[PDB]
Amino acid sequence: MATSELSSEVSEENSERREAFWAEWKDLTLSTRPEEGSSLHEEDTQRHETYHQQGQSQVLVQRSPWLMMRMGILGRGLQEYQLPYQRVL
């Protein structure tokens, strides 16, 4: 549906040392997943009862300059990663 794209900026002026610095980045991204995306149907052929459900979920991806990512399902959990991802085995 309507992904939302949220940004962050920093802008800095040093007058003492005559230095300037700025930064714009895609910080948080929010999207909608179709209802078919997560569904359940159950058929009870003994009792002749059927049930169906489908529901949207909104997913969250957040990133940063200091290489930390954050993602998950809006309304449930977030998970945080330290980039570059450093597997264990």
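The numbering used is simple: start at 1 and walk along the sequence shown.
The entry lists a Cα temperature factor for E16 that places it in the lowest third of the chain's modelled residues. Ranked by C-alpha B-factor against the other modelled residues of its chain, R47 falls in the lowest third. In this PDB entry, the Cα temperature factor of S31 sits in the top third of its chain's modelled residues, the highest group. Among the modelled residues of its chain, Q86 has a C-alpha B-factor that falls in the highest third according to the deposited record. Looking at the C-alpha B-factors along this chain, the one for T3 belongs to the highest third.
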